[PDB]
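Data file: coords_7.cif. Format and content: mmCIF, C-alpha atoms and all ligand atoms.
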data_structure
#
loop_
_atom_site.group_PDB
_atom_site.id
_atom_site.type_symbol
_atom_site.label_atom_id
_atom_site.label_comp_id
_atom_site.auth_asym_id
_atom_site.auth_seq_id
_atom_site.Cartn_x
_atom_site.Cartn_y
_atom_site.Cartn_z
ATOM 1 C CA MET A 1 15.588 7.697 -23.457
ATOM 2 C CA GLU A 2 17.398 10.749 -24.859
ATOM 3 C CA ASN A 3 15.640 13.748 -23.285
ATOM 4 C CA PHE A 4 16.765 12.430 -19.861
ATOM 5 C CA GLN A 5 20.206 12.199 -18.235
ATOM 6 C CA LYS A 6 19.702 9.678 -15.447
ATOM 7 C CA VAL A 7 21.560 10.733 -12.347
ATOM 8 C CA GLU A 8 20.983 7.738 -10.022
ATOM 9 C CA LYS A 9 19.477 4.282 -9.658
ATOM 10 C CA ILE A 10 16.801 4.805 -7.032
ATOM 11 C CA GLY A 11 15.807 1.136 -7.016
ATOM 12 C CA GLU A 12 14.491 -2.110 -8.444
ATOM 13 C CA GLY A 13 10.721 -2.136 -8.350
ATOM 14 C CA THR A 14 8.142 -4.784 -9.140
ATOM 15 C CA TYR A 15 8.137 -3.935 -12.903
ATOM 16 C CA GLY A 16 11.471 -2.221 -13.552
ATOM 17 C CA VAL A 17 14.429 -0.103 -12.513
ATOM 18 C CA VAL A 18 13.776 3.385 -11.277
ATOM 19 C CA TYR A 19 16.257 6.152 -11.813
ATOM 20 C CA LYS A 20 16.462 9.660 -10.519
ATOM 21 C CA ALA A 21 16.742 11.593 -13.759
ATOM 22 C CA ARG A 22 17.210 15.125 -14.919
ATOM 23 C CA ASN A 23 14.747 15.910 -17.678
ATOM 24 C CA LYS A 24 16.930 18.209 -19.761
ATOM 25 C CA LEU A 25 14.133 19.899 -21.706
ATOM 26 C CA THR A 26 12.211 21.006 -18.606
ATOM 27 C CA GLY A 27 15.372 20.881 -16.428
ATOM 28 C CA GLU A 28 13.397 19.014 -13.749
ATOM 29 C CA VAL A 29 14.476 16.054 -11.604
ATOM 30 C CA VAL A 30 12.061 13.277 -12.052
ATOM 31 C CA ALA A 31 11.706 9.533 -11.378
ATOM 32 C CA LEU A 32 12.001 7.300 -14.451
ATOM 33 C CA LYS A 33 10.503 3.758 -14.301
ATOM 34 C CA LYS A 34 11.587 1.254 -16.977
ATOM 35 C CA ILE A 35 8.785 -1.315 -17.354
ATOM 36 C CA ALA A 48 -2.252 -1.609 -20.978
ATOM 37 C CA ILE A 49 -1.269 1.643 -22.706
ATOM 38 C CA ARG A 50 -4.944 2.661 -22.670
ATOM 39 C CA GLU A 51 -4.856 1.976 -18.941
ATOM 40 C CA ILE A 52 -1.652 3.758 -17.956
ATOM 41 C CA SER A 53 -2.704 6.646 -20.179
ATOM 42 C CA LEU A 54 -5.924 6.846 -18.133
ATOM 43 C CA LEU A 55 -3.853 7.385 -14.977
ATOM 44 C CA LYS A 56 -2.235 10.582 -16.334
ATOM 45 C CA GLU A 57 -5.613 12.066 -15.664
ATOM 46 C CA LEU A 58 -6.155 11.199 -12.025
ATOM 47 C CA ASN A 59 -4.149 13.661 -9.950
ATOM 48 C CA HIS A 60 -4.515 14.080 -6.185
ATOM 49 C CA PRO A 61 -2.090 15.738 -3.741
ATOM 50 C CA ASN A 62 -1.463 12.354 -2.097
ATOM 51 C CA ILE A 63 -0.962 10.422 -5.303
ATOM 52 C CA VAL A 64 2.457 10.476 -7.018
ATOM 53 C CA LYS A 65 1.926 12.489 -10.217
ATOM 54 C CA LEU A 66 2.375 10.573 -13.434
ATOM 55 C CA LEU A 67 4.009 13.241 -15.567
ATOM 56 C CA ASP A 68 4.512 11.250 -18.813
ATOM 57 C CA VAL A 69 4.286 7.908 -20.555
ATOM 58 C CA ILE A 70 6.980 7.217 -23.151
ATOM 59 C CA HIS A 71 6.417 4.252 -25.493
ATOM 60 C CA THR A 72 9.407 4.756 -27.730
ATOM 61 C CA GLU A 73 10.916 2.031 -29.856
ATOM 62 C CA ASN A 74 8.403 -0.292 -28.278
ATOM 63 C CA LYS A 75 9.545 0.075 -24.687
ATOM 64 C CA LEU A 76 7.794 1.579 -21.654
ATOM 65 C CA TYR A 77 9.113 4.428 -19.513
ATOM 66 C CA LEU A 78 6.895 6.128 -17.004
ATOM 67 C CA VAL A 79 7.987 9.557 -15.890
ATOM 68 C CA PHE A 80 6.872 10.470 -12.376
ATOM 69 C CA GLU A 81 7.315 13.225 -9.871
ATOM 70 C CA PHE A 82 10.299 12.635 -7.618
ATOM 71 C CA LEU A 83 9.997 12.086 -3.871
ATOM 72 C CA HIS A 84 13.032 11.940 -1.636
ATOM 73 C CA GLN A 85 12.266 9.037 0.690
ATOM 74 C CA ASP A 86 9.977 6.041 1.024
ATOM 75 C CA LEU A 87 8.036 5.026 4.095
ATOM 76 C CA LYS A 88 9.850 1.763 4.639
ATOM 77 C CA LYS A 89 13.246 3.427 4.950
ATOM 78 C CA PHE A 90 11.726 5.988 7.308
ATOM 79 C CA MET A 91 10.229 3.290 9.568
ATOM 80 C CA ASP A 92 13.735 1.766 9.846
ATOM 81 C CA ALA A 93 15.332 5.116 10.648
ATOM 82 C CA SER A 94 12.696 5.650 13.368
ATOM 83 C CA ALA A 95 13.015 2.124 14.876
ATOM 84 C CA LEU A 96 14.191 2.799 18.430
ATOM 85 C CA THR A 97 12.013 5.840 19.109
ATOM 86 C CA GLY A 98 9.113 4.873 16.875
ATOM 87 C CA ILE A 99 7.282 7.299 14.597
ATOM 88 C CA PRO A 100 5.488 9.800 16.856
ATOM 89 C CA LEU A 101 1.710 9.278 16.838
ATOM 90 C CA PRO A 102 0.770 12.746 15.570
ATOM 91 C CA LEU A 103 2.882 11.855 12.557
ATOM 92 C CA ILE A 104 1.374 8.391 12.224
ATOM 93 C CA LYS A 105 -2.114 9.979 12.480
ATOM 94 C CA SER A 106 -1.462 12.636 9.843
ATOM 95 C CA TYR A 107 0.101 10.127 7.418
ATOM 96 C CA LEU A 108 -2.934 7.862 7.837
ATOM 97 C CA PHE A 109 -5.222 10.857 7.308
ATOM 98 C CA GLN A 110 -3.511 11.814 4.043
ATOM 99 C CA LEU A 111 -3.369 8.223 2.732
ATOM 100 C CA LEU A 112 -7.136 7.784 3.331
ATOM 101 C CA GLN A 113 -7.649 11.027 1.400
ATOM 102 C CA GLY A 114 -5.749 9.577 -1.547
ATOM 103 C CA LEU A 115 -7.464 6.223 -1.294
ATOM 104 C CA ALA A 116 -10.843 7.977 -1.046
ATOM 105 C CA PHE A 117 -9.971 9.796 -4.310
ATOM 106 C CA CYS A 118 -8.936 6.785 -6.454
ATOM 107 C CA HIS A 119 -11.730 4.599 -5.040
ATOM 108 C CA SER A 120 -14.359 7.075 -6.302
ATOM 109 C CA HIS A 121 -13.001 6.806 -9.857
ATOM 110 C CA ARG A 122 -12.953 3.091 -9.148
ATOM 111 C CA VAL A 123 -9.172 2.717 -9.379
ATOM 112 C CA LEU A 124 -7.689 0.283 -6.835
ATOM 113 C CA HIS A 125 -4.050 -0.025 -5.954
ATOM 114 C CA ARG A 126 -4.237 -3.646 -4.721
ATOM 115 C CA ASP A 127 -0.528 -3.973 -3.806
ATOM 116 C CA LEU A 128 0.013 -1.357 -1.076
ATOM 117 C CA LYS A 129 3.044 -1.662 1.240
ATOM 118 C CA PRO A 130 5.496 0.692 3.017
ATOM 119 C CA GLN A 131 7.792 0.588 -0.003
ATOM 120 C CA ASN A 132 5.443 2.325 -2.435
ATOM 121 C CA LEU A 133 4.466 4.964 0.097
ATOM 122 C CA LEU A 134 6.652 8.046 -0.475
ATOM 123 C CA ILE A 135 7.220 11.085 1.800
ATOM 124 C CA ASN A 136 8.617 14.611 1.417
ATOM 125 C CA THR A 137 10.282 17.178 3.714
ATOM 126 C CA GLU A 138 7.029 19.152 4.040
ATOM 127 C CA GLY A 139 5.110 16.553 5.984
ATOM 128 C CA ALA A 140 3.324 14.978 3.012
ATOM 129 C CA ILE A 141 3.026 11.323 2.008
ATOM 130 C CA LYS A 142 1.954 9.952 -1.394
ATOM 131 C CA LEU A 143 0.752 6.692 -2.932
ATOM 132 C CA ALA A 144 2.975 5.207 -5.667
ATOM 133 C CA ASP A 145 2.167 2.544 -8.306
ATOM 134 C CA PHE A 146 -1.618 3.025 -8.273
ATOM 135 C CA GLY A 147 -3.326 1.478 -11.286
ATOM 136 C CA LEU A 148 -0.302 -0.454 -12.521
ATOM 137 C CA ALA A 149 -1.218 -3.828 -10.975
ATOM 138 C CA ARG A 150 -4.421 -3.647 -12.993
ATOM 139 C CA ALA A 151 -2.379 -2.699 -16.086
ATOM 140 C CA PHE A 152 0.064 -5.583 -15.682
ATOM 141 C CA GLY A 153 0.358 -8.410 -13.238
ATOM 142 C CA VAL A 154 1.086 -8.082 -9.586
ATOM 143 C CA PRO A 155 3.361 -11.149 -9.915
ATOM 144 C CA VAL A 156 4.818 -13.598 -7.424
ATOM 145 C CA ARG A 157 8.474 -12.771 -8.099
ATOM 146 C CA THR A 158 9.697 -9.483 -9.551
ATOM 147 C CA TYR A 159 11.854 -8.986 -12.659
ATOM 148 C CA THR A 160 14.954 -9.646 -10.539
ATOM 149 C CA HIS A 161 13.247 -12.742 -8.985
ATOM 150 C CA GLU A 162 12.605 -10.998 -5.658
ATOM 151 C CA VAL A 163 9.580 -12.561 -3.912
ATOM 152 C CA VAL A 164 6.658 -10.014 -3.821
ATOM 153 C CA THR A 165 5.506 -9.704 -0.159
ATOM 154 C CA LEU A 166 2.241 -11.350 1.000
ATOM 155 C CA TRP A 167 2.202 -9.439 4.291
ATOM 156 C CA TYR A 168 -0.459 -6.925 3.283
ATOM 157 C CA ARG A 169 -2.721 -9.069 1.056
ATOM 158 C CA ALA A 170 -6.459 -9.075 1.813
ATOM 159 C CA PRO A 171 -7.748 -12.436 2.824
ATOM 160 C CA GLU A 172 -10.348 -12.678 0.034
ATOM 161 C CA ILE A 173 -7.477 -12.530 -2.472
ATOM 162 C CA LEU A 174 -5.708 -15.274 -0.568
ATOM 163 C CA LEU A 175 -8.971 -17.272 -0.574
ATOM 164 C CA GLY A 176 -9.266 -16.960 -4.310
ATOM 165 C CA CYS A 177 -11.763 -14.169 -4.968
ATOM 166 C CA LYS A 178 -11.093 -12.734 -8.472
ATOM 167 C CA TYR A 179 -13.421 -9.758 -8.128
ATOM 168 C CA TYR A 180 -11.627 -7.845 -5.418
ATOM 169 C CA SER A 181 -12.969 -4.482 -4.544
ATOM 170 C CA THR A 182 -11.529 -1.283 -3.181
ATOM 171 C CA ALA A 183 -11.700 -3.026 0.218
ATOM 172 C CA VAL A 184 -8.462 -4.870 -0.437
ATOM 173 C CA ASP A 185 -6.749 -1.466 -0.117
ATOM 174 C CA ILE A 186 -8.317 -0.654 3.251
ATOM 175 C CA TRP A 187 -7.181 -4.060 4.482
ATOM 176 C CA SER A 188 -3.538 -3.369 3.479
ATOM 177 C CA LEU A 189 -3.547 0.077 5.101
ATOM 178 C CA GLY A 190 -4.795 -1.426 8.364
ATOM 179 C CA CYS A 191 -1.770 -3.684 8.189
ATOM 180 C CA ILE A 192 0.551 -0.750 7.515
ATOM 181 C CA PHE A 193 -1.189 1.255 10.256
ATOM 182 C CA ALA A 194 -0.685 -1.479 12.900
ATOM 183 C CA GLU A 195 2.993 -1.808 11.845
ATOM 184 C CA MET A 196 3.692 1.943 12.171
ATOM 185 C CA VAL A 197 2.397 1.588 15.752
ATOM 186 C CA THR A 198 4.040 -1.661 16.969
ATOM 187 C CA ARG A 199 7.235 -1.317 14.862
ATOM 188 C CA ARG A 200 6.652 -4.852 13.731
ATOM 189 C CA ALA A 201 4.803 -6.428 10.791
ATOM 190 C CA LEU A 202 1.235 -7.457 11.609
ATOM 191 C CA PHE A 203 0.953 -10.560 9.369
ATOM 192 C CA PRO A 204 4.472 -11.604 8.237
ATOM 193 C CA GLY A 205 3.554 -14.552 6.003
ATOM 194 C CA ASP A 206 6.153 -16.360 3.932
ATOM 195 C CA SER A 207 3.690 -18.451 1.937
ATOM 196 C CA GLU A 208 0.058 -18.093 1.048
ATOM 197 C CA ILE A 209 -1.110 -20.646 3.614
ATOM 198 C CA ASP A 210 1.250 -19.212 6.243
ATOM 199 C CA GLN A 211 -0.262 -15.805 5.436
ATOM 200 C CA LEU A 212 -3.815 -17.183 5.741
ATOM 201 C CA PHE A 213 -2.998 -18.957 8.969
ATOM 202 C CA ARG A 214 -1.232 -15.923 10.456
ATOM 203 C CA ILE A 215 -4.366 -13.909 9.898
ATOM 204 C CA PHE A 216 -6.542 -16.647 11.376
ATOM 205 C CA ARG A 217 -4.548 -17.055 14.607
ATOM 206 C CA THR A 218 -4.995 -13.325 15.386
ATOM 207 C CA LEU A 219 -8.422 -12.422 13.936
ATOM 208 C CA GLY A 220 -9.907 -15.867 14.479
ATOM 209 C CA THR A 221 -10.746 -18.368 11.748
ATOM 210 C CA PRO A 222 -13.640 -16.928 9.620
ATOM 211 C CA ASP A 223 -17.044 -18.667 9.492
ATOM 212 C CA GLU A 224 -20.492 -18.108 8.081
ATOM 213 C CA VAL A 225 -21.508 -15.786 10.955
ATOM 214 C CA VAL A 226 -18.882 -13.040 10.508
ATOM 215 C CA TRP A 227 -18.142 -13.721 6.852
ATOM 216 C CA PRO A 228 -21.234 -14.736 4.762
ATOM 217 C CA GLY A 229 -20.038 -16.951 1.942
ATOM 218 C CA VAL A 230 -16.453 -17.673 3.056
ATOM 219 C CA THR A 231 -16.970 -21.473 3.064
ATOM 220 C CA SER A 232 -17.745 -21.605 -0.662
ATOM 221 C CA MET A 233 -14.770 -19.461 -1.701
ATOM 222 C CA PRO A 234 -12.424 -21.100 -4.255
ATOM 223 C CA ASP A 235 -9.541 -21.973 -1.854
ATOM 224 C CA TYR A 236 -11.348 -22.372 1.446
ATOM 225 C CA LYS A 237 -10.889 -25.867 2.968
ATOM 226 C CA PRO A 238 -13.076 -27.386 5.741
ATOM 227 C CA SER A 239 -9.809 -28.686 7.208
ATOM 228 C CA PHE A 240 -8.564 -25.192 8.200
ATOM 229 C CA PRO A 241 -7.644 -25.154 11.884
ATOM 230 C CA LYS A 242 -10.094 -23.262 14.032
ATOM 231 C CA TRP A 243 -8.317 -20.518 15.966
ATOM 232 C CA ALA A 244 -9.803 -18.011 18.384
ATOM 233 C CA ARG A 245 -9.738 -14.248 17.878
ATOM 234 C CA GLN A 246 -7.368 -12.228 20.005
ATOM 235 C CA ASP A 247 -7.849 -9.019 21.903
ATOM 236 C CA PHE A 248 -6.723 -5.987 19.900
ATOM 237 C CA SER A 249 -5.281 -4.628 23.122
ATOM 238 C CA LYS A 250 -2.706 -7.428 22.967
ATOM 239 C CA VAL A 251 -2.248 -6.998 19.205
ATOM 240 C CA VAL A 252 -1.591 -3.253 19.004
ATOM 241 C CA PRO A 253 -0.300 -1.725 22.309
ATOM 242 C CA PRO A 254 -0.284 1.172 23.114
ATOM 243 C CA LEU A 255 -2.864 2.317 20.521
ATOM 244 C CA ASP A 256 -5.844 4.080 22.084
ATOM 245 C CA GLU A 257 -9.531 3.050 22.017
ATOM 246 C CA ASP A 258 -10.201 5.225 18.983
ATOM 247 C CA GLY A 259 -7.288 3.806 17.009
ATOM 248 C CA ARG A 260 -8.255 0.239 17.766
ATOM 249 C CA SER A 261 -11.892 0.644 16.863
ATOM 250 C CA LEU A 262 -10.743 2.092 13.555
ATOM 251 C CA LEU A 263 -8.135 -0.641 13.062
ATOM 252 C CA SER A 264 -10.549 -3.535 13.668
ATOM 253 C CA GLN A 265 -13.002 -1.808 11.267
ATOM 254 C CA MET A 266 -10.361 -1.790 8.514
ATOM 255 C CA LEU A 267 -9.522 -5.391 9.363
ATOM 256 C CA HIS A 268 -13.117 -6.723 8.983
ATOM 257 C CA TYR A 269 -13.131 -10.111 7.180
ATOM 258 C CA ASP A 270 -16.268 -9.420 5.205
ATOM 259 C CA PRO A 271 -15.325 -6.915 2.483
ATOM 260 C CA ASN A 272 -18.809 -5.489 2.511
ATOM 261 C CA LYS A 273 -18.513 -4.680 6.186
ATOM 262 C CA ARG A 274 -14.997 -3.253 6.048
ATOM 263 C CA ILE A 275 -14.805 0.539 6.528
ATOM 264 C CA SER A 276 -14.544 2.634 3.350
ATOM 265 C CA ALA A 277 -11.844 5.256 2.970
ATOM 266 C CA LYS A 278 -14.351 8.154 2.914
ATOM 267 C CA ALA A 279 -15.918 6.911 6.154
ATOM 268 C CA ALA A 280 -12.524 6.576 7.859
ATOM 269 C CA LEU A 281 -11.872 10.321 7.482
ATOM 270 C CA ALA A 282 -14.828 10.884 9.696
ATOM 271 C CA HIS A 283 -13.766 8.476 12.462
ATOM 272 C CA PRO A 284 -13.168 10.070 15.906
ATOM 273 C CA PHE A 285 -9.489 8.979 15.801
ATOM 274 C CA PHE A 286 -8.971 11.909 13.368
ATOM 275 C CA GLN A 287 -10.635 14.620 15.488
ATOM 276 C CA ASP A 288 -7.218 15.977 16.398
ATOM 277 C CA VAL A 289 -5.165 15.755 13.197
ATOM 278 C CA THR A 290 -2.323 18.170 12.648
ATOM 279 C CA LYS A 291 0.335 18.285 9.929
ATOM 280 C CA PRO A 292 3.801 17.831 11.569
ATOM 281 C CA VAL A 293 7.100 17.927 9.684
ATOM 282 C CA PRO A 294 9.102 14.692 10.141
ATOM 283 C CA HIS A 295 12.760 14.289 11.169
ATOM 284 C CA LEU A 296 14.443 13.426 7.854
ATOM 285 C CA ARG A 297 17.919 14.086 6.466
ATOM 286 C CA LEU A 298 18.948 13.571 2.836
HETATM 287 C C1 LIG B 301 7.195 2.201 -6.219
HETATM 288 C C2 LIG B 301 8.510 1.778 -5.538
HETATM 289 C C3 LIG B 301 9.809 2.395 -6.105
HETATM 290 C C4 LIG B 301 10.903 1.327 -6.177
HETATM 291 O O1 LIG B 301 10.928 0.454 -5.020
HETATM 292 N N1 LIG B 301 10.278 3.550 -5.207
HETATM 293 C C5 LIG B 301 10.427 4.868 -5.403
HETATM 294 N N2 LIG B 301 11.174 5.719 -4.651
HETATM 295 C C6 LIG B 301 11.284 7.065 -4.884
HETATM 296 N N3 LIG B 301 12.018 7.776 -4.048
HETATM 297 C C7 LIG B 301 12.735 6.982 -3.032
HETATM 298 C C8 LIG B 301 14.216 7.405 -3.092
HETATM 299 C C9 LIG B 301 14.528 8.733 -3.360
HETATM 300 C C10 LIG B 301 15.860 9.129 -3.415
HETATM 301 C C11 LIG B 301 16.842 8.169 -3.199
HETATM 302 C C12 LIG B 301 16.548 6.838 -2.909
HETATM 303 C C13 LIG B 301 15.210 6.463 -2.857
HETATM 304 C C14 LIG B 301 10.537 7.544 -5.998
HETATM 305 N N4 LIG B 301 10.318 8.790 -6.574
HETATM 306 C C15 LIG B 301 9.495 8.611 -7.581
HETATM 307 N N5 LIG B 301 9.134 7.297 -7.721
HETATM 308 C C16 LIG B 301 8.220 6.630 -8.660
HETATM 309 C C17 LIG B 301 8.985 5.502 -9.397
HETATM 310 C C18 LIG B 301 7.016 6.048 -7.883
HETATM 311 C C19 LIG B 301 9.803 6.640 -6.721
HETATM 312 N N6 LIG B 301 9.737 5.321 -6.442
#

Could you render the structure from this file as structure tokens?
Ligand SMILES: CC[C@H](CO)Nc1nc(NCc2ccccc2)c2ncn(C(C)C)c2n1
Amino acid sequence: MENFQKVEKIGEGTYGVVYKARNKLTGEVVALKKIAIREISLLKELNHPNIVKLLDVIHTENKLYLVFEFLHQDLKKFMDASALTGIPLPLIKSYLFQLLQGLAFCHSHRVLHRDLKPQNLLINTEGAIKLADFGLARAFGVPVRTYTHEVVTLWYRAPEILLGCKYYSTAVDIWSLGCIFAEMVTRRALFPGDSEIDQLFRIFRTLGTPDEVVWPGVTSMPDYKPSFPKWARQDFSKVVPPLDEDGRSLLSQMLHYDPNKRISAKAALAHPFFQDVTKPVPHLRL
């Protein structure tokens, strides 16, 4: 649209191209997504420090542009830049702290993300990290292949979604974040599934195959089969070295199979892992 000179293609998303753009009324650099209206108009109203601010919604000539605040880098790029040294733990801890603050905010207005991953986690030079694309998956889709036929990752999907629950809760977000948490620590994807049954089975081999004892009602889920192989749970000390006892208790609590048992975001901010949070500035050049 006309009020915006786009100055860069930032990237192909799930729903559209994103451009860095110079709003020439306000003069402000801004991120322009080219893509329900009741829904995405609702989002304009939920602003948190750790949620990427939806500035405007432009439905002109029956198209959809969403104008957001601009952040300089995403988490996935930053994990790749920090591959040989790893992200320092005080940084990992503070980023997790902030994310749970943002999750705790949306979850109380009953907005889920439900497609979290390193790629829609965005960071600035200050030491802040924000959550991007919140509320959109509800508004349209979360599809299997994007608009450019890229396969949407299954790596972070909560197992009740994989097992065919259609009434996900906010717990599916705490699941994903446990997966991103573990990955920030090991420098290696927790559950790197390449199909839905590979994803299911990758979870099972590590956490153990779920039954009626740990997960009440799993065996009557839509896509549960009695023929699932029965694997044994692994020790978290083998799964996420060198994470400490506090981190691992937290991580297993976010990775609980039963969604009712899985730790809430508000409760995670009170876990002893976060007793010593600081806010460090990260090493990042632009
Ligand atoms: C949600 C994922 C999106 C595309 O993969 N990434 C991205 N990346 C942004 N910045 C990453 C970046 C900044 C500068 C250059 C290259 C990439 C960004 N800023 C605002 N937004 C809105 C659309 C959420 C941004 N979105």

### Query
Rounded to one decimal in Å, what is the spacing between atom CA of residue A:221 and atom CA of residue A:200?
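If I compute the distance from atom CA of residue A:221 to atom CA of residue A:200, I get 22.1 Å.
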
### Task
Select the residues contacting ligand LIG 301 (chain B) at a distance of at most 10 Å, based on all atoms listed in the file, then format the selection as number ranges by chain.
A: 8-21, 29-34, 63-66, 78-89, 128-136, 142-146, 298

With the cut-off set at 6 Å and counting only C-alpha atoms, tabulate each residue of stretch 138-217 of chain A with an atom at most that distance from an atom of stretch 245-267 of chain A, showing the nearest atom pair and its distance in Å to one decimal, ordered by chain and increasing number, as a tab-separated table.
residue	atom	partner	partner_atom	distance
A:186	CA	A:266	CA	5.8
A:187	CA	A:267	CA	5.6
A:190	CA	A:266	CA	5.6

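Picture a line from atom CA of residue A:224 to atom CA of residue A:237; it runs 13.4 Å.
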
### Test item: residues at most 10 Å from residue A:106, all atoms listed in the file, excluding those fewer than 2 positions along its chain, as a ChimeraX atom specification
/A:101-104,108-112,139-141,286,288-292

Writer output for current selection, C-alpha atoms, as a short mmCIF file (atom, residue, chain, number, x, y, z; two decimals), in the coordinates of the input:
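And here is the file that came out, selection.cif:
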data_model
loop_
_atom_site.label_atom_id
_atom_site.label_comp_id
_atom_site.auth_asym_id
_atom_site.auth_seq_id
_atom_site.Cartn_x
_atom_site.Cartn_y
_atom_site.Cartn_z
CA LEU A 101 1.71 9.28 16.84
CA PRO A 102 0.77 12.75 15.57
CA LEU A 103 2.88 11.86 12.56
CA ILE A 104 1.37 8.39 12.22
CA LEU A 108 -2.93 7.86 7.84
CA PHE A 109 -5.22 10.86 7.31
CA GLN A 110 -3.51 11.81 4.04
CA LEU A 111 -3.37 8.22 2.73
CA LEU A 112 -7.14 7.78 3.33
CA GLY A 139 5.11 16.55 5.98
CA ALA A 140 3.32 14.98 3.01
CA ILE A 141 3.03 11.32 2.01
CA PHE A 286 -8.97 11.91 13.37
CA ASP A 288 -7.22 15.98 16.40
CA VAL A 289 -5.16 15.76 13.20
CA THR A 290 -2.32 18.17 12.65
CA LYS A 291 0.34 18.28 9.93
CA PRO A 292 3.80 17.83 11.57
#

### Residue contacts of residue A:57 (12 Å, all atoms listed in the file) excluding same-chain residues fewer than 5 positions away, as a list in words
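In the requested format, the answer is residues 50, 51, 52, 63, 64, 65, 66, 67, 68, 69, 118, 121, 123 and 147 of chain A.
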
### Query
How far is it from atom CA of residue A:233 to atom CA of residue A:157, in Å with one decimal?
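Value for the atom CA of residue A:233-atom CA of residue A:157 distance: 25.0 Å.
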
Your completed stretch 275-286 of chain A with N, CA and C atoms, as a short mmCIF file (atom, residue, chain, number, x, y, z; two decimals), in the coordinates of the input:
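Result saved to selection.cif:
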data_model
loop_
_atom_site.label_atom_id
_atom_site.label_comp_id
_atom_site.auth_asym_id
_atom_site.auth_seq_id
_atom_site.Cartn_x
_atom_site.Cartn_y
_atom_site.Cartn_z
N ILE A 275 -14.61 -0.91 6.65
CA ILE A 275 -14.80 0.54 6.53
C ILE A 275 -14.25 1.04 5.19
N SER A 276 -15.00 1.92 4.55
CA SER A 276 -14.54 2.63 3.35
C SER A 276 -13.55 3.73 3.71
N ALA A 277 -12.79 4.18 2.73
CA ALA A 277 -11.84 5.26 2.97
C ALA A 277 -12.55 6.58 3.33
N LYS A 278 -13.65 6.90 2.65
CA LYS A 278 -14.35 8.15 2.91
C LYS A 278 -14.90 8.21 4.34
N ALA A 279 -15.44 7.08 4.78
CA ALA A 279 -15.92 6.91 6.15
C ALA A 279 -14.82 6.94 7.23
N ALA A 280 -13.60 6.53 6.88
CA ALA A 280 -12.52 6.58 7.86
C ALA A 280 -12.07 8.00 8.20
N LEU A 281 -12.27 8.93 7.27
CA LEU A 281 -11.87 10.32 7.48
C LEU A 281 -12.76 11.00 8.47
N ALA A 282 -13.87 10.36 8.74
CA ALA A 282 -14.83 10.88 9.70
C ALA A 282 -14.76 10.16 11.04
N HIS A 283 -13.85 9.21 11.20
CA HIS A 283 -13.77 8.48 12.46
C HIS A 283 -13.19 9.38 13.57
N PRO A 284 -13.65 9.19 14.82
CA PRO A 284 -13.17 10.07 15.91
C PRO A 284 -11.64 10.05 16.20
N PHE A 285 -10.95 9.01 15.75
CA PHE A 285 -9.49 8.98 15.80
C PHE A 285 -8.86 10.23 15.15
N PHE A 286 -9.53 10.80 14.15
CA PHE A 286 -8.97 11.91 13.37
C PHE A 286 -9.41 13.29 13.81
#
